Amino acid sequence: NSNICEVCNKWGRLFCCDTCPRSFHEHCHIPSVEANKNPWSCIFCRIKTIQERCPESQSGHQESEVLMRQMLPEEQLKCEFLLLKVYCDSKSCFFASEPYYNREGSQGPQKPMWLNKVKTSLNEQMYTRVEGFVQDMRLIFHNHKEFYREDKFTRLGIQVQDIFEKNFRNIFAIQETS
Ligand SMILES: [Zn+2]
Ligand SMILES: [Zn+2]
Ligand SMILES: [Zn+2]
């Protein structure tokens, strides 16, 4: 197995995947690495199995159909993995914890949002449809763009949103378009 966490790229107390060479800190993995379970398979492995059991699940889909899906176990897992893929980018640090807003010439957002809040919401099964999760994720970046206005720091929101959107299109097999 790898000797660094797949998500944060640091060493430490790592839990190893039994079906692939990835390793994880306990709370870097989503869901948090399960207490017992031998063997243990990570989220990358679990997502690969879904695809392997239903190869047609990779044919193209319309975003509007994906969003209205109820959060059954497989969709819950896919949103967990999408969230994890965002945390895998080091620029996610900017969006992880609860923000505050005190900048001359700007007003904070009406509905603040952050990664750890989305993480908690998934853990607590607060989303009934994929749309709930996607809306909160996109609101993280939209709030950031609006608040930072013409400061060049706005680009961090563009960057991490692009990681989110690419992975959303991959994980949920959205139909490719120009
Ligand atoms: Zn980690
Ligand atoms: Zn694995
Ligand atoms: Zn099938």
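Hydrogens, waters and symmetry mates play no part in the numbers below; they use all other heavy atoms, side chains included. Just so you know, residue 1 is the first one in the sequence shown, and it goes up from there.
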If we ignore hydrogens and angles and just use 3.5 Å, is the side chain of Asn143 paired with the main-chain N or O of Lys111 as donor and acceptor? yes
Contacts of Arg69 meeting salt bridge (charged side-chain N to carboxylate O under 4.0 Å, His left out) (sequence neighbours excluded), chain-then-number -> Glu65, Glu75
Worked verdict on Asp151 versus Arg103 for side chain to side chain contact (heavy atoms under 4.5 Å, CB included): CA-CA 11 Å; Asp151 195 295; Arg103 183 192 185 239; 3.8 Å; yes
side-chain contact (heavy atoms from CB on, under 4.5 Å) with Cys88: which residues, sequence neighbours excluded? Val7, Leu84
Answer yes or no: does atom CD of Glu56 have more than 12 heavy-atom neighbours from other residues, nucleotides or ligands under 6.0 Å? yes
Just wondering, do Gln159 and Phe94 contact through their side chains at under 4.5 Å, heavy atoms? no
OG on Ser106 to CD on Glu150, rounded to 0.5 Å: 10.0 Å
Tell me, do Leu83 and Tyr87 make a side-chain contact under 4.5 Å, heavy atoms counted? yes
Hey, could you give me the CZ/CD distance between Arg46 and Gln51, rounded to the nearest 0.5 Å? 14.0 Å
Would you name the heavy atoms of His29 and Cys42 that are closest together and state the gap between them? NE2-CA, 3.5 Å
Check the orientation of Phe95 and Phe141. Use parallel for under 30°, tilted for 30 to 60°, and perpendicular for over 60°. perpendicular
Going through the checks in order, is the side chain to side chain contact (heavy atoms under 4.5 Å, CB included) test met by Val66 and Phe168? CA-CA 10 Å; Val66 169; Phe168 173 68; 4.0 Å; yes
With no hydrogens and no angle check, is any side-chain donor or acceptor of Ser2 less than 3.5 Å from a backbone partner on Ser23? no
With the side chain counted from C-beta on, respond yes when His144 and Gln161 share a heavy-atom pair under 4.5 Å apart, and no when they do not. no
Listed by chain and number, what are the salt bridge (charged side-chain N to carboxylate O under 4.0 Å, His left out) partners of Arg169, not counting sequence neighbours? none
Tell me, which pairs form a salt bridge (charged side-chain N to carboxylate O under 4.0 Å, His left out) where one or both residues lie in residues 4-15, sequence neighbours left out? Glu6-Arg22
Holding to side-chain contact (heavy atoms from CB on, under 4.5 Å), I want the full list of residues that pass it with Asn170, two or more places apart in sequence or in another chain. none
Is the count of non-hydrogen atoms from other residues, nucleotides or ligands lying under 6.0 Å from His142 atom NE2 greater than 12? no
Whether the side chain of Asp18 engages the backbone of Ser41 through a donor-acceptor N/O pair (distance < 3.5 Å, no angle test) should be reported. no
Who passes ring pair (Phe, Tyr, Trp, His ring centres under 6.0 Å) against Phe15, sequence neighbours left out? none
Among residues at least two apart in sequence or on other chains, which ones pass ring pair (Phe, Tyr, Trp, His ring centres under 6.0 Å) with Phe164? none
Is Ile43 reachable from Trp40 through a run of hydrophobic residues whose side-chain heavy atoms are each under 4.5 Å from the next? yes
Set out, in order, the CA-CA distance, both residues' side-chain angles and the distance that settles side chain to side chain contact (heavy atoms under 4.5 Å, CB included) for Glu98 and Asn116, then state yes or no. CA-CA 8 Å; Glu98 186 175 0; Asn116 295 346; over 6 Å; no
Look at the side-chain heavy atoms of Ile, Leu, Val, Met, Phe, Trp and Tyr, link any pair under 4.5 Å apart, and say whether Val33 and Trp11 land in one connected group. no
Are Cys17 and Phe44 side-chain neighbours, meaning at least one heavy-atom pair lies under 4.5 Å? no
Counterpart residues, ring pair (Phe, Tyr, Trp, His ring centres under 6.0 Å), relative to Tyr101 (two or more places apart): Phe147
Test of understanding: with side-chain contact (heavy atoms from CB on, under 4.5 Å), list the residues that count as partners of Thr154, not counting sequence neighbours. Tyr148
Side-chain donor-acceptor distances from residues 171-178 under 3.5 Å, at least two apart:
none

Taking the side chain as every heavy atom from C-beta outward, state whether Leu14 and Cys5 have any atom pair closer than 4.5 Å. yes
Give the cluster check for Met113 versus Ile158: same hydrophobic cluster or not, with ILVMFWY residues linked at side-chain heavy-atom distances below 4.5 Å. no
Atom pair CD/CG of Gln76 and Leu122 - distance to nearest 0.5 Å: 5.0 Å
All salt bridge (charged side-chain N to carboxylate O under 4.0 Å, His left out) counterparts of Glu80, not counting sequence neighbours: none
Ignoring hydrogens and angles, write down the donor-acceptor pairs under 3.5 Å from the side chains of residues 124-140, residues two or more places apart or on other chains.
residue : atom : partner : partner atom : Å
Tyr127  : OH   : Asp136  : OD2          : 2.6
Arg129  : NH1  : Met68   : O            : 2.9
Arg138  : NE   : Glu165  : OE2          : 2.8
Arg138  : NH1  : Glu63   : OE2          : 3.0
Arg138  : NH2  : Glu63   : OE1          : 3.2
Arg138  : NH2  : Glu63   : OE2          : 3.4
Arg138  : NH2  : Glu165  : OE1          : 2.9

Joint hydrophobic cluster, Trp114 plus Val86, side-chain heavy atoms closer than 4.5 Å: no
Counting only heavy atoms not in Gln58, do more than 12 sit closer than 6.0 Å to its CD atom? yes
